[PDB]
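Student: Here it is: the structure, laid out below.
Please note: Cβ atoms are built from the backbone with ideal geometry, for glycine as well, and neighbour counts cover all protein chains shown. Each reported figure results from applying straightforward, stated rules to the coordinates on display, with no laboratory input.
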Amino acid sequence: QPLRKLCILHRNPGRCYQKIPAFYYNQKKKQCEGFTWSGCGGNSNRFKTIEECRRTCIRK
């Protein structure tokens with residue numbers, strides 16, 4: 001399901017020690033900016049590669 005609301009919640013790292021740096025869709029720009037994930041908190045919008053982010057958040 002391309003362009004899902006899960007990509008609209010911005011980065012969701014949570015309060016849990018800092019551990020999985022990745023990317024999130026920057027709805028200021030138009031692409032996946034980088035962010036730092038934590039460990040056990042927040043929704044999702046966790047995208048490893050920028051393409052992979054735009055495939056689901058910006059459409060394939």
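Student: Using the Kirkwood formula over every pair of different C-alpha atoms, what hydrodynamic radius in Å results for the chain?
Tutor: 11.3 Å is the Kirkwood radius here.
Student: Counting other beta carbons within 10 Å of each residue's own, what order do 7, 32 fall into, fewest first? Write down the numbers at each step before the final one.
Tutor: Details: 7 20, 32 25.
Ordered from fewest to most neighbouring Cβ atoms within 10 Å, 7, 32 come out as 7, 32.
Student: Right, another one. So, in nm, how far is label residue 29 from label residue 3 when the simple model puts each one 7 Å beyond its Cα toward the Cβ?
Tutor: Distance between the two pseudo-spin positions: 2.1 nm.
Student: Run the quick spin-label model on residue 55 and residue 20: label points 7 Å from Cα toward the beta carbon, then report their separation in nm to one decimal.
Tutor: 1.7 nm
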